């Protein structure tokens, strides 16, 4: 695995992000975990592709162009902003708005969000 990749065990639901990679395959419930490739699980561009807005002092990330549901069984678990050596993650819960603001100084950012049912998606500045 590679730094910052997200892996999920399809059997039990564990999901991890790689902080230091280069080793063997991560395993869980006897099977290699699945690499959650961004946009890999064709869901709803309108509702899953993060929308990146530059605002005072940082960025407002909204998922998506159309608000994505935030229900008990279908919600955006987190929104992660990637920029110059940083990973800033806001974990969200059902009932929250599918948006996150991060105070960060950087003109180039990558935004990723993960939907419990729909998988991993990203967008770039």
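Residue numbers count along the first chain shown, from 1.
Exercise. When the C-alpha temperature factors are averaged for each of 32-40 and 86-94, which stretch ends up with the higher value in the entry?
Worked result: Comparing 32-40 with 86-94, the higher mean C-alpha B-factor belongs to 32-40.
Problem set entry | Mean C-alpha temperature factor, higher of 43-51 and 23-31 | Mean B over CA atoms: larger for 43-51.
For this session: Taking the values exactly as deposited, rank residue 116 by C-alpha B-factor within its chain and report the matching third: lowest, middle or highest.
Result: Middle third by C-alpha B-factor.
For this session: Tell me, lowest, middle or highest third: where does the Cα B factor of residue 107 rank within its chain?
Result: For residue 107, whose C-alpha B-factor we compare with every modelled residue in the chain, the answer is the highest third.
For this session: Using the B-factor values recorded in the entry, state whether the Cα atom of residue 71 falls in the lowest, middle or highest third among the modelled residues of its chain.
Result: Highest third of the chain for residue 71's C-alpha B-factor.
Problem set entry | Where the record places residue 56 (Cα B-factor, split into thirds across the chain) | For residue 56, the deposited C-alpha B-factor lands in the highest third.
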